[PDB]
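Note sheet for the following structure.
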Amino acid sequence: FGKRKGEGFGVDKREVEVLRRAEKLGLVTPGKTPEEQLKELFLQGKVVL
Amino acid sequence: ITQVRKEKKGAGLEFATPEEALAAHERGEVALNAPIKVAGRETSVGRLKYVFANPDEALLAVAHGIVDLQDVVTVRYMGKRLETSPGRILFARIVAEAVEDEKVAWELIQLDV
Amino acid sequence: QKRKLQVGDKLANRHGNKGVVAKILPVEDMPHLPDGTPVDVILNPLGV
Amino acid sequence: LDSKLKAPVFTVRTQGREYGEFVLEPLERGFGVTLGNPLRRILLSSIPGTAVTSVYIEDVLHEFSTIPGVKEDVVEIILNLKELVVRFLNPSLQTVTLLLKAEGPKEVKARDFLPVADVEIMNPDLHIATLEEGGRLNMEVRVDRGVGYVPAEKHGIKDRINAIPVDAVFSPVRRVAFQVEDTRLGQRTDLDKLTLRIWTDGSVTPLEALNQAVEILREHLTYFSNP
Amino acid sequence: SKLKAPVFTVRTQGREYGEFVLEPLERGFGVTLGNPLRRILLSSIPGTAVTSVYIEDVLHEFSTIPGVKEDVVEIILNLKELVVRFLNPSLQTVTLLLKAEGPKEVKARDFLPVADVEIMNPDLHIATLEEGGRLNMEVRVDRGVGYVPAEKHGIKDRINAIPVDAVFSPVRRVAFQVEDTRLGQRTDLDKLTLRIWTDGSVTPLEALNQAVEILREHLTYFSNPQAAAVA
Ligand SMILES: [Mg+2]
Ligand SMILES: [Mg+2]
């Protein structure tokens, strides 16, 4: 991720949609930033595809 | 696609006028699919907020990200006002087109499960 | 003979997960990470 | 290694102005969904059409109210107005307000709407409402040009205080379904066959919609020209 | 309320990498434009690859060369990674010659220079040659598109020549970002960024251009409808 943030790219729209879906699944905590939630998913070994 | 959402945010609040329900949902106080009671009847915000004239409109709304397939909603199908998800309507249409009989296909499926 | 993997060949892991290759998709049909990196193999979760 | 391509043949099959089938074969491997997906996206979102964006009914405060003398509620009438197919003959015209005044024991159709210059109603036999003895219906409806699908609380337009915002279905296209099947030309195995299915309301034909759909896509490709 | 032609930005690093931005675009058009291009960039973009190899005193792929550390299979595996750029558009084929001996590590730089031909990776390792180790090669490189296995093309310049699996695609990776953007009072619009990695044979911009051309040409196929005789 940090590589991406350094490369000048922000969070994708589709990634946000997936984060909404994951938020409904109780995979991430609501209220956190997109990066924090993506980190939670990645710590669950799951990624956006 | 045929499962429906059950949400804990609303948690069975009581509302008089549906516009208060819509407003509460707008404030973030009540979830879309969370069970509540408007007037005396039990319902959800989604069944009020989104009311479709036909399956095509509902699925078109799904295509535009307005609602998902698992969202409970209101759809007009075969001269009936039905509270159900776009997903179950989609299933019904899959069966109906597959067998090329709309009436019989409507009779064969269990829609509410 | 030099044998490339083909549809019908058998793969397995150390955990008892075995299966025959039923499809080989071109790279553009493969699920990919946001950075463009496609996955090599797709395993069905129903097998777990 | 050495390749020779015949090039594809376009096949059309149509029923009325409502429905059509489109077959493009053969195509190189993968181009079946490469063409089909954008076209479907474009056909649903980007095709210009008309919709009822607003409704005012005399002595009716809100959408969930009821109408004395009429059997249908406001909700059911609005639904019927969603299925109204209106066509603008003049490309200049952005918006129209249609008025309807009727009473007594009558069943109101789309024919009853007072005719407006360069405005054609494709479905005049569409049912709006039934009125009983003493039943009175006075309504003005706002019809706008646009694309895609806009919910009522998004555009949020009101001409007056009692005007009810209606979910606006602009798209003349009701549904798009495409299927890619494997096909073979000679000994070429993996070539693609694209089958396209388009449902419209009749205001625009499926073939016109597709032709408009490809043009939008082509035009977007020209955006890569000047840095 | 109709959106008009967006600004198109271009960022390049050498011949290897590029980023191409298009903004603003109507909602959902980031994917609509982005994805087909990625599908065409990973598949249909023409390029160059080694289609054949001949080594002196080597009858087939399964053989080893005295004085050489690597077997022929590994050598050809290395030669599959050779990136060769043609300057002249008219040239469909080139045979590179490599004559090496003595102790040394033979890289792709050791090939004899040919007119209008540039090796994009001269540091690419080919073989490890020992004292008395001797390597004489002729490698046929062709223009092509997609992935053609050795078994399919079966290209042999001479009797003992070995057909090589050819990956023609110059494009190493393609990604696309779609970000939230706004123009005036409009919201939820699309900012599309195409990230393109190539091998240097063709530049990311060239790739994007011929990909766009391919898609447009494909859109031309809807120009001539035909009645269905099925009825
Ligand atoms: Mg509503
Ligand atoms: Mg039934």
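Note on naming: chains are A, B, ... as they come in the structure tokens, residues start from 1 per chain, ligands start from 1 in the order shown.
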Chain E residues near chain A (7 Å cut-off, only C-alpha atoms) as a compact mmCIF listing (two decimals) with C-alpha atoms, in the first residue's frame:
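The new file out_21.txt reads:
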# COMPACT_ATOMS: atom_id res chain seq x y z
CA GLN E 177 -7.16 3.56 -11.27
CA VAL E 178 -10.55 5.23 -11.10
CA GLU E 179 -10.79 8.11 -8.66
CA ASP E 180 -13.57 10.41 -7.44
For this session: Just the residues within 12 Å of residue B:41, please, counting only C-alpha atoms, with nothing from its chain fewer than 2 positions along; format it as a PyMOL selection string.
Result: chain B and resi 12-18+35-39+43-44
Write out as a compact mmCIF listing (two decimals) with N, CA and C atoms, in the first residue's frame the residues lying within 6 Å of stretch 210-227 of chain D, counting only C-alpha atoms and excluding same-chain residues fewer than 5 positions away.
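And here's selection-v7.txt as it stands now:
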# COMPACT_ATOMS: atom_id res chain seq x y z
N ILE D 42 -22.80 1.43 -21.31
CA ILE D 42 -23.22 2.61 -22.06
C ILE D 42 -24.72 2.60 -22.36
N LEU D 43 -25.22 1.47 -22.85
CA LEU D 43 -26.62 1.33 -23.22
C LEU D 43 -27.57 1.57 -22.06
N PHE E 8 -6.46 15.31 -21.06
CA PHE E 8 -5.69 14.08 -21.17
C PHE E 8 -4.23 14.35 -20.81
N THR E 9 -3.80 13.82 -19.67
CA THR E 9 -2.44 14.04 -19.18
C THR E 9 -1.56 12.81 -19.40
Problem set entry | Expected answer as a PyMOL selection string: strand (DSSP E) residues in chain C | chain C and resi 10-12+18-20
For this session: Residues within 10 Å of ligand 2, counting only C-alpha atoms and all ligand atoms: report them as a PyMOL selection string.
Result: chain B and resi 92+103-112
Problem set entry | Near-ligand residues for ligand 1, threshold 7 Å, only C-alpha atoms and all ligand atoms, as a list in words |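 If we count only C-alpha atoms and all ligand atoms, the neighbours of ligand 1 turn out to be residues 48, 49, 50 and 51 of chain B; 152 and 167 of chain D.
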Take the residues just selected and output them with N, CA, C and O atoms as a PDB file, in the first residue's frame.
ATOM      1  N   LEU B  48     -40.468   1.756   1.844  1.00  0.00           N
ATOM      2  CA  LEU B  48     -41.058   3.074   1.656  1.00  0.00           C
ATOM      3  C   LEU B  48     -40.282   3.856   0.603  1.00  0.00           C
ATOM      4  O   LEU B  48     -40.824   4.231  -0.440  1.00  0.00           O
ATOM      5  N   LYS B  49     -39.013   4.109   0.913  1.00  0.00           N
ATOM      6  CA  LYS B  49     -38.116   4.930   0.104  1.00  0.00           C
ATOM      7  C   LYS B  49     -38.110   4.559  -1.375  1.00  0.00           C
ATOM      8  O   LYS B  49     -38.256   5.424  -2.241  1.00  0.00           O
ATOM      9  N   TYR B  50     -37.957   3.271  -1.661  1.00  0.00           N
ATOM     10  CA  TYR B  50     -37.910   2.807  -3.042  1.00  0.00           C
ATOM     11  C   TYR B  50     -39.122   1.957  -3.388  1.00  0.00           C
ATOM     12  O   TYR B  50     -39.328   0.889  -2.816  1.00  0.00           O
ATOM     13  N   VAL B  51     -39.927   2.455  -4.320  1.00  0.00           N
ATOM     14  CA  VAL B  51     -41.099   1.742  -4.802  1.00  0.00           C
ATOM     15  C   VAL B  51     -41.057   1.682  -6.326  1.00  0.00           C
ATOM     16  O   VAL B  51     -41.162   2.708  -6.999  1.00  0.00           O
TER      17      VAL B  51
ATOM     18  N   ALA D 152     -35.822  10.016  -6.810  1.00  0.00           N
ATOM     19  CA  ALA D 152     -36.593  11.235  -6.558  1.00  0.00           C
ATOM     20  C   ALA D 152     -35.889  12.212  -5.616  1.00  0.00           C
ATOM     21  O   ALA D 152     -35.961  13.427  -5.803  1.00  0.00           O
ATOM     22  N   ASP D 167     -39.040   9.304  -8.905  1.00  0.00           N
ATOM     23  CA  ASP D 167     -37.847   8.613  -9.391  1.00  0.00           C
ATOM     24  C   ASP D 167     -37.864   8.649 -10.915  1.00  0.00           C
ATOM     25  O   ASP D 167     -38.822   8.205 -11.546  1.00  0.00           O
TER      26      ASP D 167
END
For this session: Please identify every residue of chain D that has at least one atom no more than 7 Å from any atom of chain B, counting only C-alpha atoms, and report them as a PyMOL selection string.
Result: chain D and resi 79-80+82+149+174-175
Problem set entry | helix (DSSP H, G or I) call set, DSSP backbone run, stretch 13-204 of chain D, as number ranges by chain | D: 31-45, 74-82, 110-112, 152-155
Exercise. Got a sec: who's within 9 Å of residue E:156, counting only C-alpha atoms, leaving out chain neighbours fewer than 5 positions off, as an MDAnalysis selection string?
Worked result: chainID E and resid 51:54 140 161:163
Could you give me, as JSON lines, a per-residue list for chain D showing, wherever an atom lies at most 10 Å from an atom of chain C, the closest pair of atoms and their distance in Å to one decimal, using only C-alpha atoms and sorting by chain then residue number from low to high?
{"residue": "D:29", "atom": "CA", "partner": "C:26", "partner_atom": "CA", "distance": 8.7}
{"residue": "D:30", "atom": "CA", "partner": "C:29", "partner_atom": "CA", "distance": 7.7}
{"residue": "D:33", "atom": "CA", "partner": "C:29", "partner_atom": "CA", "distance": 9.5}
{"residue": "D:34", "atom": "CA", "partner": "C:28", "partner_atom": "CA", "distance": 9.9}
Residues at most 9 Å from stretch 179-189 of chain D, counting only C-alpha atoms, excluding those fewer than 3 positions away in the same chain, as an mmCIF file with N, CA and C atoms, in the first residue's frame?
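out29.cif, written as the output of this step:
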data_model
loop_
_atom_site.group_PDB
_atom_site.id
_atom_site.type_symbol
_atom_site.label_atom_id
_atom_site.label_comp_id
_atom_site.auth_asym_id
_atom_site.auth_seq_id
_atom_site.Cartn_x
_atom_site.Cartn_y
_atom_site.Cartn_z
ATOM 1 N N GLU D 25 -20.023 -12.201 -35.117
ATOM 2 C CA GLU D 25 -19.093 -13.332 -35.161
ATOM 3 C C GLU D 25 -18.392 -13.400 -36.515
ATOM 4 N N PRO D 26 -17.194 -14.004 -36.561
ATOM 5 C CA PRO D 26 -16.333 -14.420 -35.448
ATOM 6 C C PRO D 26 -15.512 -13.258 -34.897
ATOM 7 N N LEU D 27 -15.061 -13.377 -33.652
ATOM 8 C CA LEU D 27 -14.193 -12.374 -33.045
ATOM 9 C C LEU D 27 -12.978 -13.050 -32.432
ATOM 10 N N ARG D 29 -10.109 -14.084 -29.732
ATOM 11 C CA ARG D 29 -10.329 -14.543 -28.364
ATOM 12 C C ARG D 29 -10.305 -13.398 -27.353
ATOM 13 N N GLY D 32 -15.092 -10.810 -27.190
ATOM 14 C CA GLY D 32 -16.513 -10.975 -26.969
ATOM 15 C C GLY D 32 -16.995 -10.139 -25.799
ATOM 16 N N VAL D 33 -16.284 -10.221 -24.678
ATOM 17 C CA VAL D 33 -16.646 -9.443 -23.501
ATOM 18 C C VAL D 33 -15.996 -8.061 -23.520
ATOM 19 N N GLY D 36 -18.748 -6.316 -25.511
ATOM 20 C CA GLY D 36 -20.058 -6.455 -24.898
ATOM 21 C C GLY D 36 -20.291 -5.713 -23.594
ATOM 22 N N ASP D 192 -14.468 -15.859 -30.823
ATOM 23 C CA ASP D 192 -15.635 -15.476 -30.029
ATOM 24 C C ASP D 192 -16.856 -15.109 -30.868
ATOM 25 N N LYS D 193 -18.034 -15.418 -30.336
ATOM 26 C CA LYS D 193 -19.292 -15.018 -30.955
ATOM 27 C C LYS D 193 -20.123 -14.199 -29.969
ATOM 28 N N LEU D 194 -20.322 -12.921 -30.280
ATOM 29 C CA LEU D 194 -21.037 -12.013 -29.389
ATOM 30 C C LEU D 194 -22.516 -11.895 -29.751
ATOM 31 N N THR D 195 -23.384 -12.212 -28.795
ATOM 32 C CA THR D 195 -24.825 -12.089 -28.983
ATOM 33 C C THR D 195 -25.386 -11.037 -28.035
ATOM 34 N N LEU D 196 -26.054 -10.034 -28.595
ATOM 35 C CA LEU D 196 -26.529 -8.897 -27.816
ATOM 36 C C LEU D 196 -28.054 -8.814 -27.827
ATOM 37 N N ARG D 197 -28.641 -8.570 -26.659
ATOM 38 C CA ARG D 197 -30.094 -8.489 -26.528
ATOM 39 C C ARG D 197 -30.505 -7.182 -25.850
#
Problem set entry | Straight-line distance linking atom CA of residue E:148 with atom CA of residue D:3, stated in Å to one decimal |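 Atom CA of residue E:148 sits 10.9 Å away from atom CA of residue D:3.
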